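In what follows, a structure is listed as structure tokens, so that the remarks can point back to it.
Letters A, B, C and D mark the chains in the order given here, with residues in each chain numbered from 1 onward.
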Amino acid sequence: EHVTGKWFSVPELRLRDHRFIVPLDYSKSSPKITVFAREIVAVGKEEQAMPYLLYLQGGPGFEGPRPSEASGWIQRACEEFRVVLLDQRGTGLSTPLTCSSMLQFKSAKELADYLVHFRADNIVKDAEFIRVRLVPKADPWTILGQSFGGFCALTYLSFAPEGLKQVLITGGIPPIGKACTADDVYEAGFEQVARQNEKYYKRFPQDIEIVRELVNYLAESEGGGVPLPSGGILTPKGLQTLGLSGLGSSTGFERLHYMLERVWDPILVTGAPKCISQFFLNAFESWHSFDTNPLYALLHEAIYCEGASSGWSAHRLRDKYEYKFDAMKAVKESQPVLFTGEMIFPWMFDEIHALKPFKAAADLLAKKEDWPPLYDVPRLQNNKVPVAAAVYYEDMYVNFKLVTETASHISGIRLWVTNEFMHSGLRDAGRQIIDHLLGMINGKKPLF
Amino acid sequence: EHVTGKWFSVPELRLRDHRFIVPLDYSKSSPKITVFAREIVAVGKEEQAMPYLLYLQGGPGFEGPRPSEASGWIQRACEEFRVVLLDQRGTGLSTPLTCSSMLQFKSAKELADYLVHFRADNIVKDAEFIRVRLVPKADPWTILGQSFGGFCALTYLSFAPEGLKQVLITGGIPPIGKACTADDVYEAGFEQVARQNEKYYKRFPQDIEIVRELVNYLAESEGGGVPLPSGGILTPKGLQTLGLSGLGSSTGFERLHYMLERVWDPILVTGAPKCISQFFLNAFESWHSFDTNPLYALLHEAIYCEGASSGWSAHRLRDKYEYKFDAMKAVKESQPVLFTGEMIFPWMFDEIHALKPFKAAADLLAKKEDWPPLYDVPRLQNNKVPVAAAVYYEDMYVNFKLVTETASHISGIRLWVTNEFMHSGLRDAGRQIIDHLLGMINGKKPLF
Amino acid sequence: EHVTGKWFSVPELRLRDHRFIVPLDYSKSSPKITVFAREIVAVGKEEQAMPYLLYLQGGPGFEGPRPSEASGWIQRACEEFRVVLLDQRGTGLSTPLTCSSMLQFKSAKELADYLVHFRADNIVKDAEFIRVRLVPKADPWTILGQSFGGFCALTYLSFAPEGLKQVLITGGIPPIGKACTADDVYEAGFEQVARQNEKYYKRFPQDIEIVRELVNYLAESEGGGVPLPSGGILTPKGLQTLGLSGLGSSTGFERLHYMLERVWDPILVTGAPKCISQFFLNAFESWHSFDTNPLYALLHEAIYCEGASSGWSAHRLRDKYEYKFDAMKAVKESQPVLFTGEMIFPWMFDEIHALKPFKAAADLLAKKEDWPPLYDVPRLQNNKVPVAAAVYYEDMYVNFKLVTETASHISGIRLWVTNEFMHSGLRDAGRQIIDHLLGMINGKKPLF
Amino acid sequence: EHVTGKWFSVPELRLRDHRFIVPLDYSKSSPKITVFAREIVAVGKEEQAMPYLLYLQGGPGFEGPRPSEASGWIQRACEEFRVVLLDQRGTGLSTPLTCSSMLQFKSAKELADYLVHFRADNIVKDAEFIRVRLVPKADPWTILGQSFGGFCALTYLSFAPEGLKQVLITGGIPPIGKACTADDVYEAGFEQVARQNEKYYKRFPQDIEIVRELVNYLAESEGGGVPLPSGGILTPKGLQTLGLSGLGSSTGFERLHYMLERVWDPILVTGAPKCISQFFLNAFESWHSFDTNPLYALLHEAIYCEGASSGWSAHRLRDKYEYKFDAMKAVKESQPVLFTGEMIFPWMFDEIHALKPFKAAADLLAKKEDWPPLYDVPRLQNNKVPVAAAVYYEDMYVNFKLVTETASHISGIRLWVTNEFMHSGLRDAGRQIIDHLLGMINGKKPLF
């Protein structure tokens, strides 16, 4: 089954939507799920025969871009390609596993045994099920992957590379070659997270006292925290999560300072006490995404598993660095408190109200040993499909050593190391990323 | 008293903060208030002498711009001046009246006697208190007003105009010359709101069935609306206020369609009912500002009063148009339901959870009939300060027929009527708005 | 003693020469030396007071840029500073140690005791001697260093750091922290040279056979070679030095392909023997710089020495890599012949006619211990001068691993890593380099 | 017989080489010669049908462009045409007549009887033999020629107008209508050469003494000169030959001044004699091209012959101007000494070491009568092929008055006179030269 809507406009572009009915598990005919994609073109090119580009989104539970106008990489891509934006399984409009949707299962065993079908390998099987129907004569297409969309791209080079014309990857080469790589990722991740904290306080020296005051006030409170507007808790452990975007994203240092300006509430009536501001508690409750995209909490470590369980791998490895990462040791010893990022911890399923009912199913995932494979190293060592990659030298989401060690196992890969961009660099000056990566494959900047 | 911080850097900008201690009520010495402003200059110009520019922010209750990069109108303004961004009284870092802050007052009589000090005719006395201390030799300065910041600028042209070099306005010309203009504003408002709804359903035709089905489900639920995560309710009246920014801001039409794509949850497991999605409820609760900036609800109609009571004028006028604006009538007579904007109603203080304790103080303000005046028409009728205004022809938030009569009383005003921007226009290619406005005063485009 | 010439013109640029009389060695009063510098400004600014910039030239033994028009980085720099181009002592117009000029010394010991005064520390004492006489008020100035000019810049951050406003470096961070780093620099050099040879034959597959047929005819010829026009000899060991400019720079891969097409001359008269072409022998003799800049042979390995000898360290290291770099093993075993990098060898003073008499003085330098030091790590660790550096990821001359660890010993250095450019990146796209490196210090890009 | 190679890449361009067998003399069909042309296109256009363009390099005996990137005129031409670069017979890869290769001929008569086949009429026979099997359908093509390449192009319009779509010329219009025009060319040549020397010493006044001191030293030296590194001799007549490219070409004035700074070696040891520098003698030996392209000396005056001999016409014409061009008279009278233009003299074969053995064959050519035709004026007077020419008003190499008489005989020629450019202009402003000349033919700039 395949159905599609009428064309519609946003300023400078034309858009259309497609819906497919596809197997839950390709080992069976039944049950089915819906999968959704949106096709985009520049004005006046609705019927024109052109090459196709597939975009694969940057994170385990995130949806396709949803543009309001032509800008950035989409505007540029539309100068050459039909652009296809795919809503990955369980997110966006492709059978969504919202915090309300996952309450339909009676028991944690049923939820865990459903969630295992949503992973990188099935995302690639759905992309192949789309191009054989969407593309004229079932021709090959180009793919662009950001972050986790780059991990999907290496699974596509490993299995069914016959559909690929050329591959572009931004900030998205994974480590490969072990039954679970998660321990090597987080052991290196804490070192970049520590260095990004160094840069933040070096730029904004005044904040060291502000976070100190706030960590005391949250810890001296009767529960080790304070209630948020949506019935969750803010605690000194919860405060340390702001780094996930506040340190690793391109506007993060700028925004994190402007939020720490508004922490306390003013005394209007004399004799009233000093208090935490409702504006800060509302802003914190709106900063993260886990209460909205819960697959980014549940399936995060499972992207590294290829034959063994992760067992809450980030939570083990925090104990190797907790002499500097404990907020309570920091305030006692007069050290700055350190923020953390791209890593998840068991206690988040206690403090975040929307995750409360999934505490059991998250452990059944964390303990699963029998994860199927994601990559094929003997094939990648023999690859024929052209590959270009943007590699960021100071990236906290994927470590540079793990990238360059892996790049030796892809046969023909060309890559540019640059220091000039954060992990967000396909959004921030995205136009020149697409020009530079296409230029290598197209032959404008030949082997150098 | 006046205190000044150290400079800090944002990409291509240099920023510094100033804090002033100011009378609550200028009729006496004390109590005091703290007022905050941020001074901005381009790289390398911290010590250079240049003309000053003051920005007056566009809404009751809003903080100033908070820039994370140079690019926008601020980049242009920094080519010639050292832009000053003022957090208005009670709105931002200037002793904010957050929800948690307003709970300090023991009775509705105390809160209502305090909120009356937070109007436009005091925001202009703070601006005069600042320039005599901030500007070299206390020289005159130019002022830029967006929306409600234009209403402040007209009080400045009538009271203490001696400090002004020239005035630039975007939207923001009020009706003047009655004791309460709010009836006249809202009688015009429902006409543009009806028109803009026509255009929305002409552009996205399939949404006519999506809102219908949703209004029926919200009417059939127990006690009407479904409960929101913060303890509010989504009634079909609450669904109609979604159009406030959705129909009147430049990105609003596309963003409102992409929200209506997400309404229901998928039937993942057999026998589970059709159900409203946690994503839609969270997005709805994140859409409006009244919990974040409650001073925008409390003092909205009170900007139109000069010695007469508003008495919930927006709610009186709705009954004149109820034959088309009643959502229950639309689902029975198969007509499209209409959304609304820039109008606040009594029931919001029953239903938006953050506003629940302030209902009594909102009625004491709504029934007040002895406000001081905002304007002085005999002085506007003798004005010598140069004035340039950008006037948007199809503006939802201030009406063209009321602007064009008021523009006859300002003695030397030049104004540029255009269809090509919505009310958000200073944030939508603001570089050309500031160049075109300055070109009319400076003499690049002389009178014709 | 100090003299200066009259201004003269070049398209869009106005030049002027200054000549200084300087001691041969400091801590003594005599003998003297002349040192030459050339001031450059954009049109009409000759009388205008501006900041100064000094350019330190990139090869040991090379004269300054000598421009024919305003172009590249000189066109940019003259928008802001009064660029000074320095002919380093022993080069250009500054006491030139030309291949006939050095024949005035009656013995090899006499010559060797002269050449020891021409290192990087004395180049910084010359630059200090210029500033205090040339610059108004004797103020600080900004220094720019390509390659070995970056080695000079780190001695200027080690000794006399008071003269510096800010430092810019390009492909020029030295290794630091050992008595002689040359064995490491070379252990790493043969690794990158092997990589660049792989890319060359991967791009031009036909050249594998053309260098194997050529190495054979040269090995079969008398003495294993053929006579050059100046009476030197071409041998299979001598042919490998084409890799220096051929593999390490930005036009070398193309220039080296167009030269290898020209190797054999045609049979015009039947029965005439197959012979080596005069265009190839003339272009090979014209390809290197050792006939023109003999100081680039004699002092080259000495730039890595502090209190220990080099002892022909590049020749000592090729013995570890012999099995791939030997050209006669390569033809016997049917493998491609490799070309070599920025290395000097004992035999090079026998093959090249211009170097023949300096063979004895080369050994007296190569075996010399008690070289005075160049760097002061305990001052680099607590530096306060701003420093920016362009660092190239696939550089053949300075190894990335040695650069990135040495950058950790400068207190505030802002390096940017890139793969976009080769070592020549200030000549090609030089505008970008000055805008980006100034932008990291000036404030256009703050720390992230 | 025709062969073609595989494609290869340089930055922004794709290149391929074609090799053809042609007769030595078209009247006998034996012996054979191989001719080489390189085809160039922009990226991704290898297969696409677009019009061909032929380029004629225009130094007698010089190699075609040999590009390493897209820049100048080739970057622009490839926006419209399939560019074909022809190595003219006897140079580049088209069976080279280099020094070592001409030494196969047994006697001067054999050599002279070979060289008479390497002229401009046969270059057109070769170019027509290529079009008929390289171009699809054997269609017409556009041609471009600088200098002697425009010489060639008027013989193409004389003898094979069927193949020409249009003609573009950049200062290659010769004076036709006599049996040998060389006496007219050199009579008008010494006038320009004198006026260019007056501009040089007016721009660089300090050089007047430098050349005088150097002419005295060369004349007083043993045997009337100083020995070059290659075993040639620098005599004072040899020093005057710098002007060939030092005056008439675009950077010549700049370069020639920087070279005259380097003349003398310093005195490092007290009482050493003052001496001519090894840098200067190596630079002078590297300045001229006659060692690299001996066909440029041997077949120079032969381009002006159409039935009468040249008889060393430049050497004879010099006698009319000897009162100012003799360097020995100039020093004795205390006048400036003048550099010479593009011209060749009998003594060059006694002083340039590579030319020494060809002295006899040069005189057999210089005495040859019965040279065949080059032009057909009764066809040029009724030509129908479109022609566009860039004509330079102060050109050293082709005299303007000889162009303006010849341009009256071509029927449809449009020419633009300019003083903006020296003779080199197609390499200095390439882009705008091709845009301006095509603009006359295409109808951008109609008759006016």
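We adopt the following convention: contacts are C-beta pairs under 8 Å (C-beta built on N, C-alpha and C of every residue); 3 or more make two chains touch, one makes a residue touch a chain.
The pair with more inter-chain C-beta contacts, choosing from A-D and C-D, is C-D. Within the list A-D, A-B or A-C, B-C finds its counterpart interface, over half of the contact pairs alike by residue number, in A-D. Computed from the mean C-alpha positions, the centre of subunit B lies at a distance of 75 Å from the centre of subunit D. Inter-chain centre distance (subunit C to subunit D, centres taken as mean C-alpha positions): 35 Å. Distance between subunit A and subunit D, defined via averaged C-alpha coordinates, is recorded as 63 Å. Contacts with at least two other chains are made by residues 9-10 of subunit D. Subunit B contributes residues 9-12, 14, 43-44 to its touches with subunit C in the complex.
Against subunit B, in their complex, subunit C makes its touches with residues 442-446.
In the complex of the two chains, the subunit A residues touching subunit B come out as 8-10, 34, 66, 68-69, 93, 95-102, 104-105, 114, 203-204, 229-231, 251, 254-255, 258, 261-262, 265-269, 272, 275-279, 282, 286, 291-292, 354. Subunit C makes touch with subunit A in their complex at residues 199, 202-203, 393-394, 415-420, 422, 436, 446-448.
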